[PDB]
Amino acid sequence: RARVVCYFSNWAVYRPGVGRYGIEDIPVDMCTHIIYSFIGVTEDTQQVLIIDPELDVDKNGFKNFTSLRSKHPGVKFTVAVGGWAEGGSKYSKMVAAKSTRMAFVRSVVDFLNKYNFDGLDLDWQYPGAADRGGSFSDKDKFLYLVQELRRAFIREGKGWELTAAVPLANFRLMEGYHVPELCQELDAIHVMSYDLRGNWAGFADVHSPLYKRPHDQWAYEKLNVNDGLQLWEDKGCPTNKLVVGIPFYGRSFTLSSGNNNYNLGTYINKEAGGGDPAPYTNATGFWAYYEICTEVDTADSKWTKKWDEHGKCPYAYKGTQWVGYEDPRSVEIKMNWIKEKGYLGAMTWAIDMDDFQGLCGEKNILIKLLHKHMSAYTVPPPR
């Protein structure tokens, strides 16, 4: 009764060579819930925005995805609205008034019906965030949107789920999330327990540390997976609504010129914007898991791999390049910790970045770990 929640990126199909990942590559049987990412909202009319219509509609992306239920009827297939690239201002604008919320809600209902989705995942990043076009009133009005969506889903009578991807930093919770009221309306809270460190922070560090490290101070003191999930509990979310995100990617850095200190917390060349882009994801500061293992794990690799003894995450470096990530050892540790805490399950961003080709060894090695641990686990009653 635990969840294994798999986000699927619709843009992964454009990655070159062995990076190409489409609907047919999803290992459906390893997941209990799979989420097509992303749709957005229109700026002007507050309706569902289809972001890649040639792929999503003309080549039948949405329906290929949802029709996977024919062979796997026990799996739920939903869609996510929002995500980083969509920005936050259109969402803050959409929730500002009852009328614009109801237009969005109606559009959502039409969309889910048309493409046979099982529900909606809310991925607005983030209500109340000033750097993302948000403002103070988002907190109340995001809750209203959620209540109104739930009521609309009830009226449709198809048992649709409504979930949300959420941050774990306290200031973001204070700015955007009425925790007890949201957790009551949502079927699951997908906690983004990753991107907790990165180039924007100005130092090198792993991005999903499980526990506090000695160098964690001020806004970072509690910014780790364990304390962050504890924060969601403390703010009123039941343990059996919390799903813990696991990143299948690493955050990378370019170290400062002449820096020979590779320890956690070491200074970086912030203006570089992150580590050099990798060949398949082509994004500064970001490496898919398979881009990491093909570089770090080869027999003749010149990369040095280390282990964060407190955060329980690997990191690796070579030259000016430094990457923190999750590997089978760190994922296993997190799976055991999820069961120890009694949380609802595990989530991954994102299934298209697992070693799905088996370039490094076992195909789909990371999602197999989530599936192995969660499928044998019984979620206990709320604590």
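Each residue number is its position in the shown sequence, starting from 1.
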| property | result |
| --- | --- |
| Mean Cα B-factor comparison, 6-14 or 360-368, giving the higher one as deposited | 360-368 |
| 77-85 or 152-160, whichever carries the higher mean Cα B-factor | 152-160 |
| Maximum C-alpha temperature factor, selected from 258, 250, 176, 311 | 258 |
| Candidate set 97, 210, 223, 292 [ranked by C-alpha B-factor, highest] | 97 |
| Where the record places residue 327 (Cα B-factor, split into thirds across the chain) | lowest |
| Relative C-alpha B-factor of residue 318, binned into the chain's lowest, middle or highest third | highest |
| Chain third (lowest, middle, highest) by recorded CA B-factor, residue given as residue 26 | middle |
| Record-listed C-alpha B factor of residue 144: chain third | middle |
| Ranked against its chain, the third holding the CA B-factor of residue 190 | lowest |
